>>> print(open('start02.cif').read())   # mmCIF, C-alpha atoms and all ligand atoms
data_target
loop_
_atom_site.label_atom_id
_atom_site.label_comp_id
_atom_site.auth_asym_id
_atom_site.auth_seq_id
_atom_site.Cartn_x
_atom_site.Cartn_y
_atom_site.Cartn_z
CA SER A 94 -16.88 16.58 -4.96
CA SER A 95 -13.88 14.44 -5.93
CA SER A 96 -12.98 11.16 -4.27
CA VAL A 97 -9.27 10.70 -3.66
CA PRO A 98 -7.28 7.71 -2.53
CA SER A 99 -7.67 7.36 1.25
CA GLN A 100 -4.64 7.89 3.48
CA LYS A 101 -6.10 6.66 6.77
CA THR A 102 -3.83 4.45 8.84
CA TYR A 103 -5.43 1.02 9.17
CA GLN A 104 -3.50 -1.90 10.59
CA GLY A 105 -6.18 -4.46 9.74
CA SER A 106 -6.45 -8.02 11.03
CA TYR A 107 -2.77 -8.76 10.39
CA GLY A 108 -1.50 -5.77 12.39
CA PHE A 109 0.14 -4.20 9.31
CA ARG A 110 2.43 -1.23 9.78
CA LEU A 111 5.52 0.27 8.17
CA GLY A 112 9.06 0.48 9.44
CA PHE A 113 12.11 2.37 8.16
CA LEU A 114 15.85 1.88 8.60
CA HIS A 115 17.70 4.00 11.14
CA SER A 116 20.12 5.42 8.59
CA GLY A 117 21.31 8.78 9.99
CA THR A 118 21.67 12.25 8.40
CA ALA A 119 25.24 12.35 7.08
CA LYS A 120 25.79 13.98 3.68
CA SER A 121 26.41 10.59 2.14
CA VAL A 122 23.10 8.93 3.07
CA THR A 123 20.80 8.05 0.21
CA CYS A 124 17.51 7.37 2.07
CA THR A 125 16.65 8.55 5.59
CA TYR A 126 13.44 8.65 7.61
CA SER A 127 12.32 11.27 10.15
CA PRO A 128 10.06 9.96 12.89
CA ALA A 129 9.30 13.55 13.92
CA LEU A 130 7.88 14.19 10.46
CA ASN A 131 6.85 10.69 9.35
CA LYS A 132 8.76 11.63 6.23
CA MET A 133 11.31 9.86 4.07
CA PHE A 134 14.05 11.87 2.40
CA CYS A 135 15.67 10.02 -0.47
CA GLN A 136 17.75 10.48 -3.60
CA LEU A 137 16.51 10.16 -7.18
CA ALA A 138 16.43 6.47 -8.30
CA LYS A 139 18.21 5.18 -5.17
CA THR A 140 17.03 2.30 -3.03
CA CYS A 141 14.35 3.20 -0.51
CA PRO A 142 13.77 0.39 1.97
CA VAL A 143 10.28 0.18 3.44
CA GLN A 144 9.71 -2.50 6.03
CA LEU A 145 6.38 -4.31 6.36
CA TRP A 146 5.67 -5.46 9.90
CA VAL A 147 2.79 -7.77 10.72
CA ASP A 148 1.70 -9.51 13.92
CA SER A 149 0.42 -12.47 11.90
CA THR A 150 1.02 -13.53 8.32
CA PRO A 151 -1.38 -12.48 5.52
CA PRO A 152 -2.46 -15.39 3.26
CA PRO A 153 -1.11 -16.32 -0.18
CA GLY A 154 -2.52 -13.98 -2.80
CA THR A 155 -2.11 -10.92 -0.58
CA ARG A 156 -0.40 -8.06 -2.43
CA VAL A 157 1.27 -4.80 -1.42
CA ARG A 158 0.59 -1.65 -3.45
CA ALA A 159 2.27 1.77 -3.42
CA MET A 160 0.79 5.00 -4.83
CA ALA A 161 1.79 8.65 -4.53
CA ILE A 162 -0.65 11.53 -3.98
CA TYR A 163 -0.09 15.25 -3.54
CA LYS A 164 -0.45 16.24 0.14
CA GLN A 165 -2.11 19.63 -0.42
CA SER A 166 -5.90 19.77 -0.96
CA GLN A 167 -5.58 22.02 -4.03
CA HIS A 168 -3.35 19.49 -5.79
CA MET A 169 -4.83 16.29 -4.41
CA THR A 170 -6.89 15.40 -7.53
CA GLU A 171 -3.80 15.74 -9.81
CA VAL A 172 -2.18 12.46 -10.76
CA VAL A 173 1.43 12.33 -9.48
CA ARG A 174 3.65 11.41 -12.42
CA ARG A 175 7.29 11.46 -13.56
CA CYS A 176 8.42 14.54 -15.47
CA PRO A 177 8.92 14.26 -19.24
CA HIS A 178 12.68 14.74 -18.76
CA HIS A 179 13.11 11.79 -16.37
CA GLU A 180 10.90 9.60 -18.59
CA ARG A 181 13.91 9.45 -20.92
CA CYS A 182 16.50 8.11 -18.45
CA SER A 183 18.41 4.95 -19.52
CA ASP A 184 18.51 2.06 -17.02
CA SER A 185 18.35 -1.72 -16.66
CA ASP A 186 14.66 -1.84 -15.74
CA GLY A 187 12.57 -3.58 -18.36
CA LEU A 188 9.22 -3.47 -16.54
CA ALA A 189 8.29 -0.01 -15.29
CA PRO A 190 6.34 2.21 -17.70
CA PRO A 191 8.24 5.47 -18.15
CA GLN A 192 5.52 7.69 -16.61
CA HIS A 193 5.59 6.00 -13.20
CA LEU A 194 7.21 7.89 -10.32
CA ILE A 195 7.41 4.89 -7.99
CA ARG A 196 9.16 1.67 -8.96
CA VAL A 197 9.99 -1.44 -7.05
CA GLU A 198 13.44 -2.93 -7.53
CA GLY A 199 14.70 -6.47 -7.06
CA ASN A 200 11.32 -8.10 -7.54
CA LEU A 201 10.67 -10.10 -10.71
CA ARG A 202 6.93 -10.30 -9.88
CA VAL A 203 6.28 -6.54 -9.82
CA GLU A 204 3.27 -5.18 -11.73
CA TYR A 205 2.47 -1.61 -12.72
CA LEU A 206 -1.06 -0.23 -12.91
CA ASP A 207 -2.28 2.87 -14.79
CA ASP A 208 -5.84 2.83 -13.42
CA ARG A 209 -8.32 3.06 -16.31
CA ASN A 210 -10.95 4.79 -14.17
CA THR A 211 -8.88 7.06 -11.88
CA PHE A 212 -5.73 7.47 -14.02
CA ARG A 213 -3.62 6.97 -10.85
CA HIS A 214 -0.36 5.05 -11.12
CA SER A 215 0.60 2.37 -8.69
CA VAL A 216 3.14 -0.42 -8.30
CA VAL A 217 2.19 -3.73 -6.72
CA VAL A 218 4.03 -6.89 -5.62
CA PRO A 219 2.91 -10.09 -3.95
CA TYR A 220 3.21 -10.01 -0.17
CA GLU A 221 5.94 -12.36 1.05
CA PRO A 222 6.62 -13.39 4.66
CA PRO A 223 10.01 -12.30 6.18
CA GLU A 224 13.21 -13.87 4.83
CA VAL A 225 15.04 -16.44 7.02
CA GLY A 226 16.28 -14.76 10.22
CA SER A 227 14.28 -11.59 9.64
CA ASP A 228 11.40 -10.14 11.64
CA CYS A 229 9.96 -8.17 8.76
CA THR A 230 9.49 -8.08 5.00
CA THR A 231 11.14 -5.20 3.13
CA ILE A 232 10.11 -3.74 -0.21
CA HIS A 233 12.69 -1.68 -2.05
CA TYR A 234 11.20 1.35 -3.79
CA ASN A 235 12.85 3.88 -6.10
CA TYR A 236 11.44 7.39 -6.79
CA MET A 237 12.22 8.30 -10.35
CA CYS A 238 11.84 12.07 -10.29
CA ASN A 239 12.98 14.87 -7.93
CA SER A 240 10.69 17.01 -5.82
CA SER A 241 12.25 19.98 -7.65
CA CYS A 242 11.45 18.84 -11.21
CA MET A 243 9.44 21.61 -12.78
CA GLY A 244 7.62 19.28 -15.18
CA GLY A 245 6.63 16.94 -12.35
CA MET A 246 6.01 17.49 -8.63
CA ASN A 247 7.35 20.97 -9.04
CA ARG A 248 8.16 21.30 -5.29
CA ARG A 249 4.67 20.17 -4.17
CA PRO A 250 4.80 17.72 -1.25
CA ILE A 251 3.67 14.14 -1.79
CA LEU A 252 2.76 11.15 0.36
CA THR A 253 3.27 7.51 -0.49
CA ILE A 254 0.35 5.26 0.43
CA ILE A 255 1.13 1.60 1.06
CA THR A 256 -1.88 -0.70 0.86
CA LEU A 257 -2.10 -4.36 1.82
CA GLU A 258 -4.83 -5.95 -0.32
CA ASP A 259 -6.34 -9.33 -1.12
CA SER A 260 -6.04 -10.90 -4.57
CA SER A 261 -9.12 -8.93 -5.72
CA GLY A 262 -7.86 -5.60 -4.41
CA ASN A 263 -9.95 -5.44 -1.24
CA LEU A 264 -8.39 -3.47 1.64
CA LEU A 265 -6.49 -5.44 4.30
CA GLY A 266 -4.36 -2.64 5.69
CA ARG A 267 -2.96 0.82 4.90
CA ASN A 268 -0.20 3.15 5.95
CA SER A 269 1.45 6.21 4.51
CA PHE A 270 4.48 8.46 4.81
CA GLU A 271 5.55 11.74 3.27
CA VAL A 272 8.47 11.62 0.87
CA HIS A 273 10.86 14.28 -0.38
CA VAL A 274 13.05 13.25 -3.30
CA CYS A 275 16.23 15.31 -3.35
CA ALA A 276 19.96 15.22 -3.96
CA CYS A 277 20.89 15.77 -0.31
CA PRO A 278 18.41 13.87 1.92
CA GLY A 279 20.48 14.05 5.13
CA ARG A 280 20.87 17.82 4.80
CA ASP A 281 17.15 18.21 3.99
CA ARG A 282 16.03 16.04 6.90
CA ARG A 283 18.25 18.12 9.20
CA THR A 284 16.82 21.40 7.84
CA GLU A 285 13.18 20.31 8.15
CA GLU A 286 13.62 18.89 11.66
CA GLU A 287 15.33 22.18 12.60
CA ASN A 288 12.43 24.14 11.11
CA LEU A 289 10.07 21.95 13.14
CA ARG A 290 11.93 22.70 16.36
CA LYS A 291 11.39 26.37 15.53
ZN ZN B 301 18.84 10.35 -16.97
ZN ZN B 302 11.94 14.70 -13.06
#
>>> encode(input="start02.cif", output="structure tokens")
Amino acid sequence: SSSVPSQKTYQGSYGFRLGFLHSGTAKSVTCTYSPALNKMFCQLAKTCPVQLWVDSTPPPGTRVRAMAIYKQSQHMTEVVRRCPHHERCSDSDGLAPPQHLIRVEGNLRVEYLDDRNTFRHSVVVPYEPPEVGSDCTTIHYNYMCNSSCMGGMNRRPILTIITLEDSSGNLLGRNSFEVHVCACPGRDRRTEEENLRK
């Protein structure tokens, strides 16, 4: 059949897992995470904090990669990409190729990959140990297209897969979370958690 990027949780030797801010569901929130759904709700192009927690520190040369896949089997082989409309947005970023859905902000060492063999997009930064006074490292992602964009995800659910890898790309750890990009993430989180209850 067709191999797809794995989404299996794997903490690895460093005890790698993800954390998310406790941001609430008010109308004004821009990024919010549901532990009931393991799902991030966030606004187009806004900052999405993703914490990296480890029990011990990965070595220099370790990198952290992010890639989106469609959640549903019948769409899983389709590369997740930004819609043609959003490709044309004007911003201060001088690094991300216009087709990439996921960007990293605030990191001058970011690299973007358009895999020559799988065609998948990903965004990768060097792993760094927590800043002074912090217990975790955070990476700040932006999602550059809405769930609703007809020329992109077109309402199909996606997951983001975060991989910890060595300098050669070998697996050191993996986690994932669903993400819904939308104008009203607090309202959407509230709706979906209410659906879940029912
Ligand atoms: Zn625009
Ligand atoms: Zn779009």
>>> atom_distance(input="start02.cif", atom1="CA of residue 263 (chain A)", atom2="CA of residue 251 (chain A)")
23.9 Å
>>> closest_residue(input="start02.cif", among="A:115, A:139, A:132, A:181", to="ligand ZN 301 (chain B)", atoms="all atoms listed in the file")
A:181
>>> atom_distance(input="start02.cif", atom1="CA of residue 265 (chain A)", atom2="CA of residue 146 (chain A)")
13.4 Å
>>> residues_near_ligand(input="start02.cif", ligand="ligand ZN 301 (chain B)", cutoff="10 Å", atoms="all atoms listed in the file", output="PyMOL selection string")
chain A and resi 138+178-184+237-238
>>> atom_distance(input="start02.cif", atom1="CA of residue 159 (chain A)", atom2="atom ZN of ligand ZN 302 (chain B)")
18.8 Å
>>> residues_near_ligand(input="start02.cif", ligand="ligand ZN 302 (chain B)", cutoff="12 Å", atoms="all atoms listed in the file", output="ChimeraX atom specification")
/A:136-138,173-182,191-195,236-248,274-275
>>> write_last_selection(input="start02.cif", atoms="C-alpha atoms", output="PDB file, keeping the file's coordinate frame")
ATOM      1  CA  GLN A 136      17.750  10.480  -3.600  1.00  0.00           C
ATOM      2  CA  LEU A 137      16.510  10.160  -7.180  1.00  0.00           C
ATOM      3  CA  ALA A 138      16.430   6.470  -8.300  1.00  0.00           C
ATOM      4  CA  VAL A 173       1.430  12.330  -9.480  1.00  0.00           C
ATOM      5  CA  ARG A 174       3.650  11.410 -12.420  1.00  0.00           C
ATOM      6  CA  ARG A 175       7.290  11.460 -13.560  1.00  0.00           C
ATOM      7  CA  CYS A 176       8.420  14.540 -15.470  1.00  0.00           C
ATOM      8  CA  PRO A 177       8.920  14.260 -19.240  1.00  0.00           C
ATOM      9  CA  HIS A 178      12.680  14.740 -18.760  1.00  0.00           C
ATOM     10  CA  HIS A 179      13.110  11.790 -16.370  1.00  0.00           C
ATOM     11  CA  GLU A 180      10.900   9.600 -18.590  1.00  0.00           C
ATOM     12  CA  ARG A 181      13.910   9.450 -20.920  1.00  0.00           C
ATOM     13  CA  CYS A 182      16.500   8.110 -18.450  1.00  0.00           C
ATOM     14  CA  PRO A 191       8.240   5.470 -18.150  1.00  0.00           C
ATOM     15  CA  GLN A 192       5.520   7.690 -16.610  1.00  0.00           C
ATOM     16  CA  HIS A 193       5.590   6.000 -13.200  1.00  0.00           C
ATOM     17  CA  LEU A 194       7.210   7.890 -10.320  1.00  0.00           C
ATOM     18  CA  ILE A 195       7.410   4.890  -7.990  1.00  0.00           C
ATOM     19  CA  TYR A 236      11.440   7.390  -6.790  1.00  0.00           C
ATOM     20  CA  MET A 237      12.220   8.300 -10.350  1.00  0.00           C
ATOM     21  CA  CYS A 238      11.840  12.070 -10.290  1.00  0.00           C
ATOM     22  CA  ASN A 239      12.980  14.870  -7.930  1.00  0.00           C
ATOM     23  CA  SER A 240      10.690  17.010  -5.820  1.00  0.00           C
ATOM     24  CA  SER A 241      12.250  19.980  -7.650  1.00  0.00           C
ATOM     25  CA  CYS A 242      11.450  18.840 -11.210  1.00  0.00           C
ATOM     26  CA  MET A 243       9.440  21.610 -12.780  1.00  0.00           C
ATOM     27  CA  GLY A 244       7.620  19.280 -15.180  1.00  0.00           C
ATOM     28  CA  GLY A 245       6.630  16.940 -12.350  1.00  0.00           C
ATOM     29  CA  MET A 246       6.010  17.490  -8.630  1.00  0.00           C
ATOM     30  CA  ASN A 247       7.350  20.970  -9.040  1.00  0.00           C
ATOM     31  CA  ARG A 248       8.160  21.300  -5.290  1.00  0.00           C
ATOM     32  CA  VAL A 274      13.050  13.250  -3.300  1.00  0.00           C
ATOM     33  CA  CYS A 275      16.230  15.310  -3.350  1.00  0.00           C
TER      34      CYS A 275
END
>>> closest_residue(input="start02.cif", among="A:97, A:162, A:122, A:110", to="residue 279 (chain A)", atoms="all atoms listed in the file")
A:122
>>> closest_residue(input="start02.cif", among="A:156, A:213, A:283, A:168", to="residue 259 (chain A)", atoms="all atoms listed in the file")
A:156
>>> closest_residue(input="start02.cif", among="A:230, A:106, A:268, A:210", to="residue 151 (chain A)", atoms="all atoms listed in the file")
A:106
>>> residues_around(input="start02.cif", residues="region 253-256 of chain A", least_positions_apart="2", cutoff="7 Å", atoms="only C-alpha atoms", output="JSON, numbers by chain")
{"A": [100, 157, 158, 159, 160, 161, 162, 251, 258, 266, 267, 268, 269, 270, 271, 272]}
>>> write_last_selection(input="start02.cif", atoms="C-alpha atoms", output="PDB file, in the frame of the given file")
ATOM      1  CA  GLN A 100      -4.640   7.890   3.480  1.00  0.00           C
ATOM      2  CA  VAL A 157       1.270  -4.800  -1.420  1.00  0.00           C
ATOM      3  CA  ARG A 158       0.590  -1.650  -3.450  1.00  0.00           C
ATOM      4  CA  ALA A 159       2.270   1.770  -3.420  1.00  0.00           C
ATOM      5  CA  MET A 160       0.790   5.000  -4.830  1.00  0.00           C
ATOM      6  CA  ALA A 161       1.790   8.650  -4.530  1.00  0.00           C
ATOM      7  CA  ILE A 162      -0.650  11.530  -3.980  1.00  0.00           C
ATOM      8  CA  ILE A 251       3.670  14.140  -1.790  1.00  0.00           C
ATOM      9  CA  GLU A 258      -4.830  -5.950  -0.320  1.00  0.00           C
ATOM     10  CA  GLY A 266      -4.360  -2.640   5.690  1.00  0.00           C
ATOM     11  CA  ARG A 267      -2.960   0.820   4.900  1.00  0.00           C
ATOM     12  CA  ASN A 268      -0.200   3.150   5.950  1.00  0.00           C
ATOM     13  CA  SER A 269       1.450   6.210   4.510  1.00  0.00           C
ATOM     14  CA  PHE A 270       4.480   8.460   4.810  1.00  0.00           C
ATOM     15  CA  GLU A 271       5.550  11.740   3.270  1.00  0.00           C
ATOM     16  CA  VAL A 272       8.470  11.620   0.870  1.00  0.00           C
TER      17      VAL A 272
END
>>> closest_residue(input="start02.cif", among="A:131, A:96, A:125, A:260", to="residue 217 (chain A)", atoms="all atoms listed in the file")
A:260
>>> closest_residue(input="start02.cif", among="A:231, A:284, A:118, A:215", to="residue 145 (chain A)", atoms="only C-alpha atoms")
A:231
>>> residues_around(input="start02.cif", residues="residue 141 (chain A)", least_positions_apart="4", cutoff="8 Å", atoms="only C-alpha atoms", output="PyMOL selection string")
chain A and resi 124+135+233-235
>>> residues_near_point(input="start02.cif", point="(0.2, 20.3, -3.2)", cutoff="7 Å", atoms="only C-alpha atoms", output="ChimeraX atom specification")
/A:163-169,249-250
>>> axis_aligned_box(input="start02.cif", around="region 160-164 of chain A", padding_each_side="6 Å", output="AutoDock Vina command-line options")
--center_x 0.6 --center_y 10.6 --center_z -2.3 --size_x 14.4 --size_y 23.2 --size_z 17.0
>>> decode(input="start02.cif", residues="region 163-174 of chain A", atoms="N, CA, C and O atoms", output="PDB file, in the first residue's frame")
ATOM      1  N   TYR A 163      -3.190  14.709   6.966  1.00  0.00           N
ATOM      2  CA  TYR A 163      -4.629  14.584   7.171  1.00  0.00           C
ATOM      3  C   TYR A 163      -4.889  13.400   8.107  1.00  0.00           C
ATOM      4  O   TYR A 163      -4.204  12.365   8.017  1.00  0.00           O
ATOM      5  N   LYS A 164      -5.881  13.571   8.982  1.00  0.00           N
ATOM      6  CA  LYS A 164      -6.253  12.550   9.981  1.00  0.00           C
ATOM      7  C   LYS A 164      -6.976  11.342   9.388  1.00  0.00           C
ATOM      8  O   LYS A 164      -6.780  10.202   9.828  1.00  0.00           O
ATOM      9  N   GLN A 165      -7.828  11.598   8.405  1.00  0.00           N
ATOM     10  CA  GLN A 165      -8.686  10.565   7.808  1.00  0.00           C
ATOM     11  C   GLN A 165      -7.939   9.672   6.819  1.00  0.00           C
ATOM     12  O   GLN A 165      -7.228  10.182   5.953  1.00  0.00           O
ATOM     13  N   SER A 166      -8.115   8.351   6.937  1.00  0.00           N
ATOM     14  CA  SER A 166      -7.443   7.398   6.041  1.00  0.00           C
ATOM     15  C   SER A 166      -7.533   7.767   4.553  1.00  0.00           C
ATOM     16  O   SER A 166      -6.538   7.665   3.831  1.00  0.00           O
ATOM     17  N   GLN A 167      -8.710   8.202   4.102  1.00  0.00           N
ATOM     18  CA  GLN A 167      -8.917   8.447   2.674  1.00  0.00           C
ATOM     19  C   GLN A 167      -8.213   9.707   2.176  1.00  0.00           C
ATOM     20  O   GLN A 167      -8.140   9.936   0.975  1.00  0.00           O
ATOM     21  N   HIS A 168      -7.712  10.524   3.096  1.00  0.00           N
ATOM     22  CA  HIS A 168      -6.940  11.697   2.699  1.00  0.00           C
ATOM     23  C   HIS A 168      -5.484  11.614   3.159  1.00  0.00           C
ATOM     24  O   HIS A 168      -4.689  12.510   2.878  1.00  0.00           O
ATOM     25  N   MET A 169      -5.121  10.530   3.833  1.00  0.00           N
ATOM     26  CA  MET A 169      -3.831  10.516   4.508  1.00  0.00           C
ATOM     27  C   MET A 169      -2.597  10.611   3.565  1.00  0.00           C
ATOM     28  O   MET A 169      -1.557  11.172   3.939  1.00  0.00           O
ATOM     29  N   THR A 170      -2.737  10.110   2.340  1.00  0.00           N
ATOM     30  CA  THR A 170      -1.631  10.166   1.375  1.00  0.00           C
ATOM     31  C   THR A 170      -1.486  11.555   0.704  1.00  0.00           C
ATOM     32  O   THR A 170      -0.491  11.809   0.007  1.00  0.00           O
ATOM     33  N   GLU A 171      -2.482  12.430   0.886  1.00  0.00           N
ATOM     34  CA  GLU A 171      -2.441  13.754   0.255  1.00  0.00           C
ATOM     35  C   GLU A 171      -1.563  14.704   1.026  1.00  0.00           C
ATOM     36  O   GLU A 171      -1.717  14.856   2.242  1.00  0.00           O
ATOM     37  N   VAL A 172      -0.626  15.351   0.337  1.00  0.00           N
ATOM     38  CA  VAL A 172       0.248  16.297   1.043  1.00  0.00           C
ATOM     39  C   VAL A 172      -0.584  17.497   1.548  1.00  0.00           C
ATOM     40  O   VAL A 172      -1.377  18.076   0.788  1.00  0.00           O
ATOM     41  N   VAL A 173      -0.406  17.853   2.818  1.00  0.00           N
ATOM     42  CA  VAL A 173      -1.112  19.004   3.391  1.00  0.00           C
ATOM     43  C   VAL A 173      -0.334  20.226   2.987  1.00  0.00           C
ATOM     44  O   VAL A 173       0.848  20.326   3.275  1.00  0.00           O
ATOM     45  N   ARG A 174      -0.997  21.153   2.296  1.00  0.00           N
ATOM     46  CA  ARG A 174      -0.337  22.366   1.831  1.00  0.00           C
ATOM     47  C   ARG A 174      -1.245  23.593   1.969  1.00  0.00           C
ATOM     48  O   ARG A 174      -2.460  23.463   2.124  1.00  0.00           O
TER      49      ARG A 174
END
